[PDB]
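Visitor: Please read through the structure below; I'll follow up with questions.
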Amino acid sequence: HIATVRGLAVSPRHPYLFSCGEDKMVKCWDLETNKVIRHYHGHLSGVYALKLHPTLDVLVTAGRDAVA
RNA sequence: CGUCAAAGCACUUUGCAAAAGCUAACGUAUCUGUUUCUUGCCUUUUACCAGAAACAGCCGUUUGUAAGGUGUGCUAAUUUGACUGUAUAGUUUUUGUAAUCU
Ligand SMILES: [Mg+2]
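Under the working numbering, think of the first position of the first sequence as 3, with each following residue one higher.
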């Protein structure tokens, strides 16, 4: 991460660990290899929260751009 | 080669689907890109250097199947599959040592 990390979430159905930070990018860490595999890009500013949907394969992030 | 069965057959165009299960060339051939690391050259970025891991793309290949095209046929041609496939009265089976009664 380039800047402060502001949100983590360990998926209970995948061996993943999603993280977000004030550096505007959301990362998907593969916990089987401890390496970043996915990048989620659209965010105009820092990201302050990260949550994972309990059932679907979808995640929600909300940040300073007044948009979730 | 033979008998039986069903399928028109040979070449070809396109669509659809699939392609390691028991460690192994779908391709005896061989490119590119992204991410995360470690490097090289480095004044800063692109373009770069060369090794790894995880992913993708492109050039191709094979098979199945569906609908067509061309040339020849259905007054036959070819293909695919299956088959416990052959003679023979002269001792080892199928051209009778049978009848007779008990
Ligand atoms: Mg500048």
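Quick reminder that beta carbons are idealized off the backbone N, C-alpha and C, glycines included.
Which residues in the same chain as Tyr42 place their Cβ atom closer than 6 Å to its Cβ, once the five residues preceding and following it in sequence are excluded?
Guide: Answer for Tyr42: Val28, listed in chain order.
Visitor: Candidates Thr57, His55, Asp59 and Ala51: which alpha carbon is nearest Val69's?
Guide: Considering only alpha carbons, the answer is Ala51.
Visitor: Cutting at 6 Å between CB atoms, please list the residues of its own chain near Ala5, excluding the five before and the five after it.
Guide: Hits under 6 Å: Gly23, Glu24 and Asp25.
Visitor: Per DSSP, which one or two residues make a beta bridge with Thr63?
Guide: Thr63 pairs with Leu52.
Visitor: Just curious, the beta strand (DSSP E) that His41 is in, first and last residue?
Guide: Run containing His41: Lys37 to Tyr42, per the beta strand (DSSP E) assignment.
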